[PDB]
Amino acid sequence: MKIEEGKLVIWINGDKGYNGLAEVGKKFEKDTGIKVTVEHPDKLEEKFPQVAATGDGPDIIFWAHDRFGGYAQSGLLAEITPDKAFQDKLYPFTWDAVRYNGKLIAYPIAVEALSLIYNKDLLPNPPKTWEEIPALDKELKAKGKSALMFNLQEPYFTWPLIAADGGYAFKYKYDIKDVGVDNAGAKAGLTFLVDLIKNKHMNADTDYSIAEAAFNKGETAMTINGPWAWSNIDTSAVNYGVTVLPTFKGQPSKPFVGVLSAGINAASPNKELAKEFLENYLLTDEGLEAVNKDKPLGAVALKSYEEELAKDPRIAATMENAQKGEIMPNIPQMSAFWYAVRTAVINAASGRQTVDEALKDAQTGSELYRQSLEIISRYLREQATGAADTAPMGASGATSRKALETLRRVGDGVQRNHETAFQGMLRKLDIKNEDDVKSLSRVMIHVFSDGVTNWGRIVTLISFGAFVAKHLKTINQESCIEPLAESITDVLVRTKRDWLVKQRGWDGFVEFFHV
Ligand SMILES: CCc1sc2ncnc(O[C@H](Cc3ccccc3)C(=O)O)c2c1-c1ccc(O)c(Cl)c1C
Ligand SMILES: OC[C@H]1O[C@H](O[C@H]2[C@H](O)[C@@H](O)[C@@H](O)O[C@@H]2CO)[C@H](O)[C@@H](O)[C@@H]1O
């Protein structure tokens, strides 16, 4: 077991109030003798799943609720079991964001939404519409100033515009069959952003650091940022307001709402100290004030302390923008949707891809997991039982049908030609229950990993998976077919993601074996 016992390590993002969090760790250490280390590593949302998976990493991880469903799906988080007394101290909707398969997987800390931030000295009336920002930039450019600068490297900041005229991630429970990443509304919003860049009103290269510096030295009239950014603006002496985001096509910008949440590592031998630090030290008037004094949290989940901060108009603007937005879903494929949209916005902005090209590729990566499982689960199940699934694939399922048709035709030959080799490998792997199926996964990455990438090898993997599903059903282990399909899908899309999207995904597969 790698994680040290008798002490707490905390991971929190570098835009957050980590010095304030460390003051609450000092107060925990002063009362219990347990040293709390707070770190803010780069890409901790990428690195937590990698190190947690091997029993390593921090005791507590802080991030918006959107990444927590994937970590729970991978068994990287402890179940949070606060009593009714502690649960009543926080807003029920904040608890809704940290509930996954009916289990609390984290402690909610604060509701974050993007607002529009403007220089009252340059722009006494901020724009009501996105459409008027070009004329405003022209006007401010004559004065050696610019209208707007925000981070174009993170899809988070651009999403409100993309979602305004009907863009969305998963239709709402959440329908992961229904992805709205390349709909007319999404094209309209992202096209308007590329047009601002084309007409020199914004810069494709602008990241968080550049946008913050330009706003805080009064070079740009406007930025798009969250509560965490107010501290640095306070220091900079800029007379700023926090207001409702400008509308697009007469409709509000819908910011993706995040709930800063604290998760407990499953591998942690200090889960009792972590529960005690989070419930009785951090989630208190004194604890949330210590963190908020460093960098504002936004609208905190703690009712007592949220009553006080509600009077602040910048919080009111945050909640107004939050109402017009959507609570982010916490489902496992959020990570793949964010990765896909990040790439789409960066490519459309730089002109490497068109808005049509970029958003189509992001709609493929957003659907790739569910689309792959649908094909593999149906193939494995129909091979095991001898009867096809009657149910319809759905509205976007023309690809799944042709891909299953191609897999049937192409992959039945592979089962026949490799029968002897498959039987040899299935005998040598002693499969017999869900436990034995857990083993297999480890094998398949090792095998599917260090080899040349082609549709031929993808077919062999799925074909051997069907062969194992046939065996599973034969020994009354038919319930293990759905998890084996999940594991084959997991190996394939987690390791070949970038290749599968370059091949137009399953359309590429049908195209490749067409005759
Ligand atoms: C967990 C087992 C998997 S998963 C997977 N995914 C893609 N390809 C595989 O094997 C082929 C090579 C090959 C040559 C002749 C017969 C079968 C396959 C390859 O790597 O190209 C495999 C194998 C695998 C590897 C070695 C073997 O001897 C057997 Cl029987 C198998 C089933
Ligand atoms: O940009 C995609 C990104 O969006 C959100 O991350 C936000 C985070 O929620 C905020 O707390 C803030 O600090 O900035 C981040 C933007 O870089 C999602 O939470 C995150 O999962 C996703 O990758």
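As the structure lists them, so they are numbered: ligands from 1, and atoms in each ligand from 1. Computed over heavy atoms, backbone and side chain alike; hydrogens, waters and symmetry mates excluded. Heads up: numbering here begins at 1 and tracks the sequence.
With a heavy-atom cut-off of 4.0 Å, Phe256 does not touch ligand 2 at all. At a 4.0 Å heavy-atom cut-off, ligand 2 touches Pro155 through backbone and side chain alike. Only side-chain heavy atoms of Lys16 come within less than 4.0 Å of ligand 2; its backbone N, CA, C and O stay farther off. Residue contacts with ligand 2 for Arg67 involve side-chain atoms from C-beta outward but no N, CA, C or O (heavy atoms, distance under 4.0 Å). With a 4.0 Å heavy-atom cut-off, ligand 2 is reached by the side chain of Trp338 but not by its N, CA, C or O. Contacts with ligand 2 closer than 4.0 Å are made by side-chain heavy atoms of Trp63 only, the backbone lying farther away.
When all heavy atoms are compared, the tightest approach of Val259 to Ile109 is CG1-N, 4.5 Å. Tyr18 and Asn13 get closest at one heavy-atom pair: CD2-O, 4.2 Å. The shortest non-hydrogen separation linking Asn433 to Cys480 is C-SG, 3.7 Å.
Look at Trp228 and you'll find a heavy atom under 4.0 Å from some atom of ligand 2. Heavy atoms of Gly258 come nearer than 4.0 angstrom to ligand 2 in no pair at all.
Residue pairs meeting the salt bridge (charged side-chain N to carboxylate O under 4.0 Å, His left out) criterion with at least one partner in residues 326-348, sequence neighbours excluded, are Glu154-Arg342. Residue pairs meeting the salt bridge (charged side-chain N to carboxylate O under 4.0 Å, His left out) criterion with at least one partner in residues 406-422, sequence neighbours excluded, are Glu382-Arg408.
Interface of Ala421 with ligand 1, defined as ligand atoms under 4.0 Å from a residue heavy atom, comprises 16 (C), 30 (Cl). Counting atoms of ligand 2 from 1 in the listed order, those under 4.0 Å from a heavy atom of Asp66 are 18 (C), 19 (O), 20 (C), 21 (O). Within the listing of ligand 1, atoms 32 (C) sit less than 4.0 angstrom from a heavy atom of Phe464. The atoms of ligand 1 that sit less than 4.0 Å from any heavy atom of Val443 are 1 (C). Of all atoms in ligand 2, numbered sequentially from 1 with element shown, those under 4.0 Å from a heavy atom of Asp15 are 12 (C), 13 (O), 14 (O). The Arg342 neighbourhood of ligand 2 comprises atoms 2 (C), 23 (O), with distances under 4.0 Å to a heavy atom of that residue. Here is the list of ligand 1 atoms found below 4.0 Å of a heavy atom in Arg457: 7 (C), 19 (C), 20 (O), 21 (O). Listed by number with element, the atoms of ligand 2 under 4.0 Å from a non-hydrogen atom of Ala64 are 9 (O), 19 (O).
Polar contact check, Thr460 against ligand 1: no nitrogen or oxygen pair lies under 3.5 Å apart.
A donor atom on one side chain and an acceptor atom on the other are not found under 3.5 Å apart for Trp506 and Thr406.
In this structure, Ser479 and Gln477 have side chains that are in contact, with non-hydrogen atoms separated by less than 4.5 Å. Proximity of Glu482 to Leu373: side-chain heavy atoms (C-beta onward) are separated by under 4.5 Å at one or more points.
One option in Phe337, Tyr339, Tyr156, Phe62 has a heavy atom closer to atom 15 (C) of ligand 2 than any other, and that option is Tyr156. Of the listed options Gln423, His418, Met425, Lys428, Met425 places a heavy atom closest to atom 29 (C) of ligand 1. Looking at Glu45, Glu112, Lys295, it is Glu112 that brings a heavy atom closest to atom 11 (O) of ligand 2.
The residue from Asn265, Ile10, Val38 that alone fulfils the side chain to side chain contact (heavy atoms under 4.5 Å, CB included) condition with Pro58 is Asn265.
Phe422 and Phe464 have perpendicular rings, their planes meeting at more than 60° on a 0 to 90° scale where under 30° would count as parallel. A perpendicular orientation is assigned to the rings of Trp455 and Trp499, their planes being inclined by more than 60° (bins at 30° and 60°). Ring geometry, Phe192 versus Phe248: the interplanar angle falls from 30° to 60°, so the pair is classed tilted.
A cation-pi contact, defined as under 6.0 Å to the ring centre and within 45° of the axis, links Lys16 to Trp228.
Scanning all protein heavy atoms for the shortest distance to atom 1 (O) of ligand 2 gives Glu154 OE1, 2.9 Å.
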